[PDB]
Amino acid sequence: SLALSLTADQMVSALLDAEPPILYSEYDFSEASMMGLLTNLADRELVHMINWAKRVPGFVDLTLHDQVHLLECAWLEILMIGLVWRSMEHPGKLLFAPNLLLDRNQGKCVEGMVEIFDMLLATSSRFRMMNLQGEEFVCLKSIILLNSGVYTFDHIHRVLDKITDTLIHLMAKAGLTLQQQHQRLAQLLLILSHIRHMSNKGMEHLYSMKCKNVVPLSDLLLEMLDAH
Amino acid sequence: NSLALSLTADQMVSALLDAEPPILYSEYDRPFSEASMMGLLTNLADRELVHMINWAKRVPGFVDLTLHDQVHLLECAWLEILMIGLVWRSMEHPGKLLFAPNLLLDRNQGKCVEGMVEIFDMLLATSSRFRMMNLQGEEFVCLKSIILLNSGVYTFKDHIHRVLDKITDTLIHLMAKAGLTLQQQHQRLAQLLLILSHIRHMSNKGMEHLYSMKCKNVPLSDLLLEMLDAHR
Amino acid sequence: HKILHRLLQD
Amino acid sequence: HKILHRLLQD
Ligand SMILES: CCOC(=O)[C@@H]1[C@H](C(=O)OCC)[C@H]2O[C@@H]1C(c1ccc(O)cc1)=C2c1ccc(O)cc1
Ligand SMILES: CCOC(=O)[C@@H]1[C@H](C(=O)OCC)[C@H]2O[C@@H]1C(c1ccc(O)cc1)=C2c1ccc(O)cc1
């Protein structure tokens, strides 16, 4: 276990090194034109998420069917947490891509969407409130990948422990009091439950979209959705 | 305000231990159809809900909130709370869910109802986890009350977050008392809160199947139809 | 007047 | 033959 013997400091750097790139929308509005852009975008992000996941410590140890399960479980949660991250310094807006910045009422296009919109904006606001750091974020994102599919199956937990240690050392380094440390850690883990909820709602409106034939989904996306 | 946010960690544990609802029995008799089993679960759950409402009111801080916020938190949290409760009391019955003392379901009774088995396993996975960490009655009630306070907080603010910090301190007081080193306190708390996501996931799934059951059509209670119509 | 309303009031 | 296998395998 190479990932088990990393310092907090070299854990944070790997995660940082492995951050996926920001992609552009193929943007040039309708329920269909919205879901197209979003589908096209998601579809290309997934490809990089897979690369990123492969660079997450401990992940590459697991078997292939294990890594598969973890990804088909986590994928929309991972996209959404990346969306909220990207969207932080745009109050009231969601930045899908540098060239694709939506405000809430571009949502009303797609019954299903304003509800989730608002869930994501509240999370965005929350992350801004606590002033999430990029270092804490890459940790958050890895917990999500490693936790989200863990029980729907020891090493994973070992890894999740390191990630917790990392998280705490960053808070100590930021100057947080020991009491502040565990309250912050906690309120961040508490947000994961909101991300999961948001992902479950999104997965479901997505499935109704596939069924109403609003847009064609990519083959990778059919496989992902199918898993749920 | 107060007054919650002035409790010692030890009297917070006690307030919550004192408010714990009893474990309710099933009306159960008579071989099982999908109909019989589901009318049983809905009878039990309906009655559990009434205790939960009253129990919520004893969660220190809950009653300071506005009635409409009380309604929202409970409307978000209800099936998570029942799940965490099922999981916790099923803890000493590996492979088995203890719905009630006289209603213990095994993996394969799950199959009567469509897509109930998948949830069944999810709860089993969670039960196994609680067991493998040895969740403690006192940790359990902090968790149960985090659920209530957390589930619908980001779908609305600062009173809820103060209480939550109180519950976390409490959780940590507990682990410091069990003599866990600081590092393993922070690890345990993390392991406990990550489970909450699995609970949300299961609630979300159970919810959508409940929704499809109401179409399929056992009659649901009025209280139960209302709780359910909040997620549609 | 949700049934939940009444139960929480009393 | 699922795409997810393929993309992970490299
Ligand atoms: C207001 C949130 O807006 C969304 O699109 C969410 C979901 C959604 O609204 O779908 C129907 C209501 C969905 O999950 C989100 C989403 C998405 C798409 C791209 C991305 O980088 C992050 C998220 C989604 C998405 C959309 C199309 C896809 O093909 C795949 C994912
Ligand atoms: C093994 C999974 O067992 C279940 O019944 C889950 C769900 C289910 O099986 O399929 C329908 C969702 C459901 O959510 C769970 C559940 C439930 C019912 C009573 C209870 O005390 C705890 C949970 C449920 C339940 C069933 C009827 C009700 O009226 C309310 C909740």
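Start at 1 and count along the chain as shown; that gives each residue its number.
Determined via X-ray crystallography, 2.7 Å.
In case you wondered, yes, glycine gets a Cβ from its N, Cα and C as well.
Over in Swiss-Prot, the protein carries these features:
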- B:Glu48, B:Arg89, B:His209: 17beta-estradiol binding site (BINDING)
- B:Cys142: S-palmitoyl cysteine (LIPID)
Integer Å distance between the CA atoms belonging to the residue listed as 'S-palmitoyl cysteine' and B:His209 (17beta-estradiol binding site): 28
Take B:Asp29 and B:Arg30, the residues on either side of 2 unmodelled positions, and give their C-alpha distance in whole angstrom. 6
Distance between B:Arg89 (17beta-estradiol binding site) and B:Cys142 (S-palmitoyl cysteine) at the Cα atoms, whole Å? 15
Before the 10 missing residues sits B:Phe156, after them B:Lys157; how far apart are their C-alpha atoms, in Å? 8
Go through the recorded positions B:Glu48, B:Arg89, B:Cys142 and pull out the ones with a Cβ less than 6 angstroms from some atom of ligand 2. B:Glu48
Count the other Cβ atoms sitting within 10 Å of the Cβ of B:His209 (17beta-estradiol binding site), across every protein chain shown. 17
Neighbouring C-beta atoms (10 Å sphere around the C-beta of B:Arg89 (17beta-estradiol binding site)): 17
The residue listed as 'S-palmitoyl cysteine' and B:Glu48 (17beta-estradiol binding site), compared by Cα position, are separated in whole Å by 19
